[PDB]
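In what follows, a structure is listed as structure tokens, so that the remarks can point back to it.
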Amino acid sequence: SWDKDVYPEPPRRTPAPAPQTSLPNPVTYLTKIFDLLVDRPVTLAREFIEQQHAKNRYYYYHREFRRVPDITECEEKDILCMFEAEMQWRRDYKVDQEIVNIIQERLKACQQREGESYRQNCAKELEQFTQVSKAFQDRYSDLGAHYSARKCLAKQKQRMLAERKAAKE
Amino acid sequence: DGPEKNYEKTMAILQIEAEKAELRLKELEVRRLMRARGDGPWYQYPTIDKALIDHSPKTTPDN
């Protein structure tokens, strides 16, 4: 259902069972019992409810907002343009937060999945999260509780001035 | 209701309030100028009316 590109899950590698002891594995019998007595009725109920849903098939859409002139392209006291730009900035802020969340989910899933080899098998995920963290922190940090698009603009301008000074040295 | 309704309402409210603020500051400046110059309709303190003066021939020629 979800985008495997967004949520990368490495192809599963389950080893083949090769019993070397005559004793019957209790797990196999228990799993068969669980399947028959639980999965089957649960699946039947799911099928019935899915039929009911298929009958009443309706769709919900995703609202998309057009791009609006940023606070950079906005007059000093033009409250209308400022409101538009600030709302756009807040929307982008939320989107960036959700991007950070997605990468974090990737990292946690990698930590659990790779088990004891997590340190060596999650380098890519750690690097991705580090990049996203750095970017998000540089863009949005220390703005304060009363954050605003003007505050991010001021922080970016200060950063750019510092970059200019460093490059000039 | 729809979100766009509140969006437009917020835009309208912002415009009204900002125009009010501009007008208030403008009024303060205008009032200061008028009260410092007396060149406007406000702060026109009364002066003697020239109609009261009588220009009829007096008793002494040199008024």
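Numbering starts fresh at 1 for the residues of each chain in the structure tokens, the chains themselves are lettered A, B, ... in the order given, and ligands are numbered from 1 as they appear.
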
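Using only C-alpha atoms, we find that the part of chain A lying within 8 Å of chain B comprises residues 79, 80 and 83 of chain A.
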
Residues flagged helix (DSSP H, G or I) by DSSP in chain B, as a ChimeraX atom specification: /B:3-37,50-52

Those residues with N, CA and C atoms, as a CSV table (one decimal), in the first residue's frame please?
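Result saved to out.csv:
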```
chain,number,residue,atom,x,y,z
B,3,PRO,N,-12.0,25.4,4.8
B,3,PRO,CA,-10.8,26.2,5.3
B,3,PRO,C,-10.6,27.5,4.5
B,4,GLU,N,-10.9,27.5,3.2
B,4,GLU,CA,-10.7,28.7,2.4
B,4,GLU,C,-11.6,29.9,2.9
B,5,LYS,N,-12.7,29.6,3.4
B,5,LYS,CA,-13.6,30.6,4.0
B,5,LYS,C,-12.8,31.4,5.1
B,6,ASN,N,-12.3,30.6,6.1
B,6,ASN,CA,-11.5,31.3,7.1
B,6,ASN,C,-10.3,32.0,6.6
B,7,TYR,N,-9.7,31.4,5.5
B,7,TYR,CA,-8.5,32.1,4.9
B,7,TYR,C,-8.9,33.4,4.4
B,8,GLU,N,-9.9,33.5,3.6
B,8,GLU,CA,-10.4,34.8,3.0
B,8,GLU,C,-10.8,35.8,4.1
B,9,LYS,N,-11.5,35.3,5.1
B,9,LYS,CA,-11.9,36.1,6.3
B,9,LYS,C,-10.7,36.7,7.0
B,10,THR,N,-9.7,35.9,7.2
B,10,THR,CA,-8.5,36.4,7.9
B,10,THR,C,-7.8,37.4,7.0
B,11,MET,N,-7.8,37.2,5.7
B,11,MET,CA,-7.2,38.3,4.8
B,11,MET,C,-7.9,39.6,5.0
B,12,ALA,N,-9.3,39.5,4.9
B,12,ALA,CA,-10.1,40.7,5.0
B,12,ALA,C,-9.9,41.4,6.4
B,13,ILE,N,-9.9,40.6,7.5
B,13,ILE,CA,-9.7,41.2,8.8
B,13,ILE,C,-8.3,41.9,8.9
B,14,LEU,N,-7.3,41.2,8.4
B,14,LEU,CA,-6.0,41.8,8.4
B,14,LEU,C,-5.9,43.1,7.7
B,15,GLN,N,-6.5,43.2,6.5
B,15,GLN,CA,-6.5,44.4,5.7
B,15,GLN,C,-7.2,45.5,6.5
B,16,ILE,N,-8.4,45.2,7.1
B,16,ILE,CA,-9.1,46.3,7.8
B,16,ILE,C,-8.3,46.8,9.0
B,17,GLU,N,-7.7,45.9,9.8
B,17,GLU,CA,-7.0,46.3,11.0
B,17,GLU,C,-5.7,47.1,10.6
B,18,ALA,N,-5.0,46.6,9.5
B,18,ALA,CA,-3.8,47.4,9.1
B,18,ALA,C,-4.2,48.8,8.6
B,19,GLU,N,-5.3,48.9,7.9
B,19,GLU,CA,-5.7,50.2,7.4
B,19,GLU,C,-6.1,51.1,8.6
B,20,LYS,N,-6.7,50.5,9.6
B,20,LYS,CA,-7.0,51.3,10.8
B,20,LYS,C,-5.7,51.8,11.5
B,21,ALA,N,-4.7,50.9,11.6
B,21,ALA,CA,-3.5,51.3,12.3
B,21,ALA,C,-2.8,52.4,11.5
B,22,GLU,N,-2.8,52.3,10.1
B,22,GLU,CA,-2.2,53.4,9.3
B,22,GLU,C,-2.9,54.7,9.6
B,23,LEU,N,-4.3,54.6,9.6
B,23,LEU,CA,-5.1,55.8,9.8
B,23,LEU,C,-4.8,56.4,11.2
B,24,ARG,N,-4.7,55.6,12.2
B,24,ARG,CA,-4.4,56.1,13.5
B,24,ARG,C,-3.1,56.8,13.6
B,25,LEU,N,-2.0,56.2,13.1
B,25,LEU,CA,-0.7,56.9,13.0
B,25,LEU,C,-0.8,58.2,12.2
B,26,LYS,N,-1.5,58.1,11.1
B,26,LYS,CA,-1.6,59.3,10.2
B,26,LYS,C,-2.3,60.4,11.0
B,27,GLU,N,-3.4,60.1,11.7
B,27,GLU,CA,-4.1,61.1,12.5
B,27,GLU,C,-3.2,61.7,13.6
B,28,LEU,N,-2.4,60.9,14.3
B,28,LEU,CA,-1.5,61.4,15.3
B,28,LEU,C,-0.6,62.4,14.7
B,29,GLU,N,0.0,62.1,13.5
B,29,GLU,CA,0.9,63.0,12.9
B,29,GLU,C,0.2,64.3,12.4
B,30,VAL,N,-0.9,64.2,11.8
B,30,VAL,CA,-1.7,65.3,11.4
B,30,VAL,C,-2.0,66.2,12.5
B,31,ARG,N,-2.5,65.6,13.6
B,31,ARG,CA,-2.8,66.4,14.8
B,31,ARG,C,-1.6,67.2,15.4
B,32,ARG,N,-0.4,66.5,15.4
B,32,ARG,CA,0.7,67.2,15.9
B,32,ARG,C,1.1,68.4,15.0
B,33,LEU,N,1.0,68.2,13.7
B,33,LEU,CA,1.4,69.2,12.7
B,33,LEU,C,0.4,70.4,12.9
B,34,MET,N,-0.9,70.1,13.0
B,34,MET,CA,-1.9,71.2,13.1
B,34,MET,C,-1.7,71.9,14.4
B,35,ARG,N,-1.5,71.2,15.5
B,35,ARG,CA,-1.3,71.9,16.8
B,35,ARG,C,0.0,72.7,16.9
B,36,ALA,N,1.0,72.3,16.0
B,36,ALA,CA,2.2,73.1,16.0
B,36,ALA,C,2.3,74.2,15.0
B,37,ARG,N,1.4,74.2,14.1
B,37,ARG,CA,1.4,75.3,13.1
B,37,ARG,C,0.1,76.1,13.0
B,50,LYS,N,-12.7,91.3,13.3
B,50,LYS,CA,-12.5,92.7,12.8
B,50,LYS,C,-13.8,93.4,12.6
B,51,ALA,N,-15.0,92.7,12.6
B,51,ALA,CA,-16.3,93.4,12.4
B,51,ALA,C,-16.5,94.4,13.5
B,52,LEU,N,-16.0,94.1,14.7
B,52,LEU,CA,-16.3,95.0,15.9
B,52,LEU,C,-15.7,96.4,15.7
```

Exercise: residue 102 (chain A) partners within 9 Å, only C-alpha atoms, chain neighbours under 5 positions left out, as number ranges by chain: A: 6-7, 97, 107

Those residues you just picked out, can you put them in a file as a PDB file, in the first residue's frame with N, CA and C atoms?
```
ATOM      1  N   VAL A   6       9.603   5.317  -0.352  1.00  0.00           N
ATOM      2  CA  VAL A   6       9.636   6.151   0.845  1.00  0.00           C
ATOM      3  C   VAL A   6      10.044   5.327   2.057  1.00  0.00           C
ATOM      4  N   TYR A   7       9.581   4.077   2.127  1.00  0.00           N
ATOM      5  CA  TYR A   7       9.802   3.201   3.273  1.00  0.00           C
ATOM      6  C   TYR A   7      10.519   1.956   2.766  1.00  0.00           C
ATOM      7  N   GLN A  97       8.977  18.821   8.906  1.00  0.00           N
ATOM      8  CA  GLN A  97       8.894  18.001  10.110  1.00  0.00           C
ATOM      9  C   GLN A  97       8.511  16.568   9.765  1.00  0.00           C
ATOM     10  N   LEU A 107      15.229   4.936  10.188  1.00  0.00           N
ATOM     11  CA  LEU A 107      16.349   4.630  11.075  1.00  0.00           C
ATOM     12  C   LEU A 107      15.959   3.597  12.127  1.00  0.00           C
TER      13      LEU A 107
END
```

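Taking CA of residue 85 (chain A) and CA of residue 152 (chain A) as the two end points, the separation is 12.1 Å.
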
Surrounding residues of residue 103 (chain A) excluding itself and chain neighbours under 5 positions, 8 Å, only C-alpha atoms, as a list in words: residues 125, 128, 129 and 132 of chain A

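Between CA of residue 2 (chain B) and CA of residue 60 (chain A) the separation is 15.0 Å.
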
Which of A:9, A:44, A:141, A:123 sits closest to residue 105 (chain A) [using only C-alpha atoms]: A:9

Contact residues around residue 88 (chain A) with only C-alpha atoms at 9 Å, ignoring same-chain residues under 2 positions, as an NGL selection string: :A and (65 or 67-70 or 83-86 or 90-93 or 149)

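With only C-alpha atoms as the basis for measurement, A:89 is the residue among A:34, A:29, A:89, A:61 that approaches residue 150 (chain A) most closely.
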